[PDB]
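One structure below.
Position 1 is the first residue of the sequence; numbering continues from there. We count ligands from 1, going down the list as the structure has it; atoms in each ligand are counted the same way.
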Amino acid sequence: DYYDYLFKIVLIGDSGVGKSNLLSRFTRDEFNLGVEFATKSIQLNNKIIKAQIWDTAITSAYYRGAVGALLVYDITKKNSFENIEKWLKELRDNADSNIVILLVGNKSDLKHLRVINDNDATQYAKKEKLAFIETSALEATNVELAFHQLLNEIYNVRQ
Ligand SMILES: Nc1nc2c(ncn2[C@@H]2O[C@H](COP(=O)(O)OP(=O)(O)O)[C@@H](O)[C@H]2O)c(=O)[nH]1
């Protein structure tokens with residue numbers, strides 16, 4: 001270590017969408033076919049940020065101190081996208097008002113099984129005033145893009 005800043009980030013969404021593998025891809029560049037956390041440091045002006053990222057298999061305790069979150073669904077499972085409103089609600093009830101939130105559609109490699117079209121997801125994100133990006137934890141597609149967008153925006157909000 002040295003790190004100038006510790007940013008707590010929470011992953012939230014239905015079981016089976018890819019949260020634990022988003023965590024393992026970003027922090028240790030690995031994929032696998034109660035509550036846990038992992039860390040990874042990035043550098044900007046030479047300023048070093050330690051991302052402390054969480055997921056679950058304590059709601060007040062889980063959200064406390066979080067400065068960012070990824071809201072995650074599965075682009076192949078309609079129910080996971082419908083359930084995003086509920087997870088956003090739980091987040092709003094329990095998180096700091098200045099928390100930075102990003103919508104993520106995972107499993108983008110399952111091209112032929114898509115049920116959620118990207119314009120419909122973008123429409124929802126804009127309504128909730130969030131950025132939206134599609135990822136593949138399996139193929140690594142856009143994983144660094146999603147986490148770095150989140151971390152740089154938290155730094156800007158903080159500064
Ligand atoms: N094809 C594909 N499968 C994935 C992807 N991400 C996760 N999975 C698989 O989907 C299942 C659930 O993922 P997991 O990380 O355990 O979901 P969680 O319950 O949200 O933590 C596992 O069998 C993963 O290997 C992905 O991007 N593409």
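- Heavy-atom separations between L22 and ligand 1 are all 4.0 Å or longer.
- Where the criterion is an N or O separation shorter than 3.5 Å, residue side chain and backbone included, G18 meets it with respect to ligand 1.
- Ionic pairing of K77 and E82 is not present here: no N-O contact between side-chain nitrogen and carboxylate oxygen is shorter than 4.0 angstrom.
- With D55 contributing its side chain and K19 its backbone, the two residues share no donor-acceptor pair below 3.5 Å.
- For ligand 1 and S20, the ligand atoms under 4.0 Å from any heavy atom of the residue are 14 (P), 15 (O), 16 (O), 21 (O).
- The distance criterion of under 3.5 Å between nitrogen or oxygen atoms is met by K107 with respect to ligand 1.
- A donor-acceptor pair is defined here as one N or O able to donate and one able to accept, closer than 3.5 Å; such a pair exists between the side chain of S80 and the backbone of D74.
- Heavy atoms of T135 found under 4.0 angstrom from ligand 1: none, in either backbone or side chain.
- Within a 6.0 Å radius of CD in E144, no more than 12 heavy atoms belonging to other residues, nucleotides or ligands are found.
- For atom 26 (C) of ligand 1, the candidate residues are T141, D109, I75; the nearest heavy-atom contact is made by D109.
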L102 vs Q149, side chain to side chain contact (heavy atoms under 4.5 Å, CB included): CA-CA, chis, key distance, verdict: CA-CA 9 Å; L102 206 134; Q149 179 63 23; 3.7 Å; yes
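- Geometric assessment of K40 against the ring of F26 yields a positive cation-pi assignment under the 6.0 Å and 45° thresholds.
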Candidate pair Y63 and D93, rule side chain to side chain contact (heavy atoms under 4.5 Å, CB included), full reasoning: CA-CA 10 Å; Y63 288 93; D93 292 345; over 6 Å; no
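- Taking a cut-off of under 4.0 Å to the non-hydrogen atoms of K19, the atoms of ligand 1 that pass are 15 (O), 17 (O), 18 (P), 19 (O), 20 (O), 21 (O).
- For a threshold of 3.5 Å applied to N or O pairs, the pair formed by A137 and ligand 1 contains at least one separation below that value.
- Ligand-side atoms of ligand 1 in range of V17: 17 (O), 20 (O), range being under 4.0 angstrom from any heavy atom.
- Residue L110 approaches ligand 1 through these ligand atoms, each under 4.0 Å from one of its heavy atoms: 1 (N).
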